[PDB]
Amino acid sequence: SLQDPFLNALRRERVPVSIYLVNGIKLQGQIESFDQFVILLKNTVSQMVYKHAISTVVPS
Amino acid sequence: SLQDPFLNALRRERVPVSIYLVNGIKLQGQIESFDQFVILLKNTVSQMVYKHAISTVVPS
Amino acid sequence: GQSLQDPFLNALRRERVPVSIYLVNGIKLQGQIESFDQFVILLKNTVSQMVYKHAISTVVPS
Amino acid sequence: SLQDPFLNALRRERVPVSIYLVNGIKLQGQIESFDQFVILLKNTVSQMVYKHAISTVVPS
Amino acid sequence: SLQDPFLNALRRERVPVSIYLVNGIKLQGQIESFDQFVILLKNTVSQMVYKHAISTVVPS
Amino acid sequence: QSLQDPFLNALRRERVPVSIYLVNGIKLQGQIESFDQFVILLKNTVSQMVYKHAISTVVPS
RNA sequence: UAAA
């Protein structure tokens, strides 16, 4: 798995990320946690993002 | 599983949440219940939403 | 597991409730749920059509 | 399985069908064969349709 | 499997094909090769197309 | 498997500039740094992780 | 950063 180390490194070092959804919309925040299906993305509070709806994840 | 505690917290408290679908549609209501593949969202109606059609679940 | 979906669709089927099925592409289908399995729902209006669940976003009583 | 008897009846009886795709397009033909993943649809030509791209199948 | 025979027939005879994607884009060329998840489509250059994105494969 | 991995591995090893077209039509560009069963790491200014479920086509630029 |  490249995905888990890539996300764990963004999580562990509290890096700001942009998550682009499959419809083009860009979300931003920090990865609080993730599992096989979802990413919890936190600003004030965490929204839950389904991985099946994500196209790309980048630091920024 | 991160989904179950995340959704059960919203369900127990009956707070408003926005469910954004992969096609951009925003649904607004309370999480009435859920299972492995669907969420029941309650406003003036109770509607069953397939998780495969959901991008994000965002507490209001 | 399926403890929500199956009783929700079965109740609609049993009581012949007019339903709306919204597809992910935005189209609204209407009819009665005649039956369903793991992957499809049979929706009856003038005739029965097989709707793939993977194409569906929402199901609600009309 | 409801899917398999539904499609087999159309196939065996040579029923003209409309297959609606997830982008709204309607294809028309007779079902030549199908498996877990695809339906082969015959009109003027033979074409392979992936089930994941189908929303609806109905006799025309 | 209906895919392997269908696609091999096109590959073998060098049939010009249209590969329609679920988003409506029409790709055109000849089938160079394929596996369980992708089709290699050759025209100006050789492009790898994910089957999960394909709606239909049809002669041009 | 037997076609996907050699295709992507050759692009990776020679550091070929590639175009990755997403299902929403957007075109991404960069170098394939690495890949696994579910994602491609795509390198340009930064490294971004691209989910394969969101990709329609991969082609050298 | 979005179609109550």
Side-chain angles (χ1 to χ4, degrees), chain A residues 7 10-11 15-34 37-41 43-60, chain B residues 2-3 6-7 10-11 13-34 38-60, chain C residues 19-30 54-62, chain D residues 22-24 55, chain E residues 22-24, chain F residues 22-26 28 46 48-51 53-54:
Chain A
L7 294 179
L10 292 170
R11 188 184 114 277
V15 183
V17 303
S18 300
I19 298 185
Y20 293 82
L21 301 177
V22 290
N23 70 341
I25 290 287
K26 181 167 98 292
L27 307 182
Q28 299 201 48
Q30 293 197 351
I31 296 149
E32 184 61 20
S33 55
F34 64 91
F37 298 111
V38 307
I39 296 182
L40 296 198
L41 181 72
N43 289 263
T44 307
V45 82
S46 50
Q47 67 185 107
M48 184 174 66
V49 187
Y50 284 95
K51 289 184 173 171
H52 64 238
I54 299 175
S55 61
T56 72
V57 183
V58 64
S60 183
Chain B
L2 301 171
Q3 284 187 70
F6 182 91
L7 292 171
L10 299 169
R11 184 185 65 80
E13 301 315 309
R14 314 206 193 185
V15 292
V17 316
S18 305
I19 297 179
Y20 293 85
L21 306 183
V22 298
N23 61 14
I25 285 182
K26 173 184 174 175
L27 303 173
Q28 188 71 197
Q30 306 173 175
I31 306 298
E32 186 172 352
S33 45
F34 61 96
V38 303
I39 296 174
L40 192 66
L41 182 83
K42 177 174 134 55
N43 41 44
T44 60
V45 298
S46 288
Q47 60 190 104
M48 185 187 73
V49 186
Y50 282 97
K51 293 173 170 179
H52 63 237
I54 296 178
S55 65
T56 64
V57 180
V58 187
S60 290
Chain C
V19 307
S20 290
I21 293 177
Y22 293 84
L23 306 180
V24 173
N25 64 22
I27 292 171
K28 187 174 76 173
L29 307 177
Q30 282 186 104
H54 67 236
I56 296 170
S57 74
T58 304
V59 180
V60 64
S62 303
Chain D
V22 294
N23 71 343
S55 70
Chain E
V22 298
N23 62 17
Chain F
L22 308 180
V23 294
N24 55 32
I26 297 300
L28 306 174
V46 298
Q48 70 187 285
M49 181 176 75
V50 182
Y51 283 91
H53 62 240

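Proteins get letters first, then strands, A, B, ... in listed order; numbering begins at 1 in each.
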Practice task
Determine whether A:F37 and B:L2 make a side-chain contact, defined as any pair of heavy atoms from C-beta on separated by less than 4.5 Å.
Solution key: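 They are not in contact (no side-chain heavy atoms under 4.5 Å apart), so the answer is no.
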
Taking only residues two or more places apart in sequence or in another chain, which ones pass side chain to side chain donor-acceptor pair (under 3.5 Å) with [X]?
X	answer
C:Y22	none
B:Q28	B:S18, B:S60
B:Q30	none

Problem - Per A:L21 side chain, nearest of listed nucleotides G:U1, G:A2, G:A3 - result: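 Looking only at side-chain atoms, A:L21 lies closest to G:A2.
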
Problem - Candidates G:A2, G:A3, G:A4 - which lies nearest the side chain of B:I25 - result: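 Per side-chain heavy atoms of B:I25, the pick is G:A3.
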
Practice task
Name all residues meeting the side chain to side chain contact (heavy atoms under 4.5 Å, CB included) criterion together with D:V22; count only those two or more places apart in sequence or in a different chain, and write none if there are none.
Solution key: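 Partners of D:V22 by the side chain to side chain contact (heavy atoms under 4.5 Å, CB included) criterion, ordered by chain and then number, come out as C:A55, E:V22.
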
Handout entry: Contacts of A:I25 that satisfy side chain to side chain contact (heavy atoms under 4.5 Å, CB included) - sequence neighbours left out
Key =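 Only A:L21, A:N23, A:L27 meet the side chain to side chain contact (heavy atoms under 4.5 Å, CB included) criterion with A:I25.
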
Exercise for the section: Would you jot down, in residue-number order, the residues of residues 54-62 of chain C having a non-hydrogen atom under 4.0 Å from RNA chain G? Expected result: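 Contacts with RNA chain G under 4.0 Å: none.
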
Exercise for the section: Using a 4.0 Å heavy-atom cut-off across all strands, classify B:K26 as base, sugar-phosphate, or nothing. Expected result: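 Counting heavy atoms under 4.0 Å across all strands, the contact made by B:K26 is with sugar-phosphate only.
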
Exercise for the section: With heavy atoms under 4.0 Å as the rule, sort B:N23 into base, sugar-phosphate or nothing. Expected result: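 Since a base atom lies under 4.0 Å of B:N23, the category is base.
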
In whole angstrom, give the distance that lies between atom [atom1] of [X] and atom [atom2] of [N].
X	N	atom1	atom2	result
B:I19	G:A4	CD1	P	14 Å
C:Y22	G:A3	OH	P	18 Å
B:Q28	G:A3	CD	P	13 Å

